[PDB]
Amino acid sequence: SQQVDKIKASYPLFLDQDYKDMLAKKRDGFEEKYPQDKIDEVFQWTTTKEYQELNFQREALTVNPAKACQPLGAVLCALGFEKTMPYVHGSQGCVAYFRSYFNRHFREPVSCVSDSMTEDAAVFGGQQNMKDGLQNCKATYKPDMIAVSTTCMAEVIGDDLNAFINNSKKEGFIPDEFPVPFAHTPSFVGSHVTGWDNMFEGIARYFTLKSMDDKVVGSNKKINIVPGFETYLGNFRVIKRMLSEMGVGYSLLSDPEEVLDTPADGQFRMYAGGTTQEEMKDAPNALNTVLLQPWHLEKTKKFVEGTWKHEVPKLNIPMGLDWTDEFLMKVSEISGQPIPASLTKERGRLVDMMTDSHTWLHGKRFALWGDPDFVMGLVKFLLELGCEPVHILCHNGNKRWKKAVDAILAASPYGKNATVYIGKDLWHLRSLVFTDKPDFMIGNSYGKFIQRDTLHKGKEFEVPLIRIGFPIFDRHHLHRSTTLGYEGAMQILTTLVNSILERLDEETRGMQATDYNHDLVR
């Protein structure tokens, strides 16, 4: 039933007694459900150290991963180039999923095509799909560049992308000068960040490998900036803002911030902004190339050093105070531009906020996950704030990365209770937040199910989620935020301290029970 002036959606409609009675009858009549006492027993068991040890003995089963597959990252990379259509050679189901995954995080259109290979291609390969696909795409969507990656079906059958694209041009399906950079992006290797690296290196190769003879390092007086897999609009924007503040000439290579934030003005804009083809062609002439997320830009690094002959600086992601400092100092060294007063003041405003909020942050314990560079930057900043990052999970991390984070932790008294996990998933993390309970989780929207699980054990066991990372699907417009630079550090600090104070207010809101500590001033 409904009352027309107060219509109920699923919540709370299905809490009405008739719906409750119906659901009880469905269960008892036909579901052959385990008894509630047994469900409770197994639930309790899943919160124990005994269960944790079995859970961490897994070798074959993955549960609730914290990574995605390569072509997702190739698509995001390709989107950062002017009038460029991401194009994934292989099965079309993948492309529906890539688009919808990004649709939900950015709340924006996400343009990407497939060439719709089907079962028959296992006999004869996907060459004809590539020929017709490139021609159809260029004619229909009028890109100026098509950036080609692969799905796993095309990788298993072994399609030679290079030959297929060359043959598409030779046979007249597209003009030979039309740019079609490509990268093999097998989903069974690495993760979505590897696909970004592979795609970027392929685009870099396409525009520079065969034209190096006339290049001179430093002749265009600019610094190249490679952002890597990046899903906060504020991070592209803050890097450009800081470099412009310093008067530093730069080229941001892969810049989707315009096409992921077009206005709603009556027109749909399939393309907007982006790195130009000329910026990629001219990039070897930069003074140097800075990699903002070096732990997933290894192939790009080898090409930029081996072919462009740039001496890529040893910089961490510019997150937190020390590593934003180091980024600005290195950019100043390379460019010859001084750090301007405006950025020095911004730094001291971040330090001011740290002194103002340090008493609520001190000793707070966190579980956190994400991609390697993001996680290590968050760990570093938490240590700078006097916080304890006790459970650090990077499903797509590697042993060298783990060693580097362990060294960062060992250098700080705030790292003494911290453990770094690689190759583990959010079902592993669920155990850890039961057996060694932290104050908060910092992670993406998949963390909400862990918070739900912990509350079921009891209010005193609940671990609230703080949403920082990718994907964030159950809040709106957090993709506009910043995590890099002083600005991003200010945003993270503010989110952390106010999450602490929100939770404290909740715990002290009880009239005549806990509200003795429900202070107006904090």
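In case it trips you up, residue 1 is the first one in the sequence shown, and so on. For the two forms, the rigid core is made up of the largest set of C-alpha atoms that agree within 1.5 Å on superposition.
Averaged over structures and residues, the CA distance from the shown form in 4 other deposited structures of this protein after a core fit is larger for 115-123, of the two stretches 115-123 and 326-334. The PDB entry reports B-factors from which the mean C-alpha value can be compared for 233-241 and 214-222; the larger average falls on 214-222. Between the stretches 482-490 and 35-43, it is 35-43 that shows the larger average CA temperature factor.
Which of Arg430, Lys170, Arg99, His192 has the largest Cα B-factor in the deposited entry comes down to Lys170. Going by the entry's values, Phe188 shows the largest Cα B-factor out of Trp196, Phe81, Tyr446, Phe188. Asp519: CA B factor lies in the lowest third for its chain, per the PDB record.
For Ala9, the recorded CA B-factor ranks within the middle third of the chain. Only modelled residues enter the ranking.
Annotation for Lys416: C-alpha temperature factor in the highest third relative to the rest of the modelled chain, per the entry. When the modelled residues of the chain are ordered by their C-alpha B factor, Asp453 lands in the middle third.
Per the deposited record, the Cα B-factor of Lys330 falls in the highest third when ranked against the other modelled residues of its chain.
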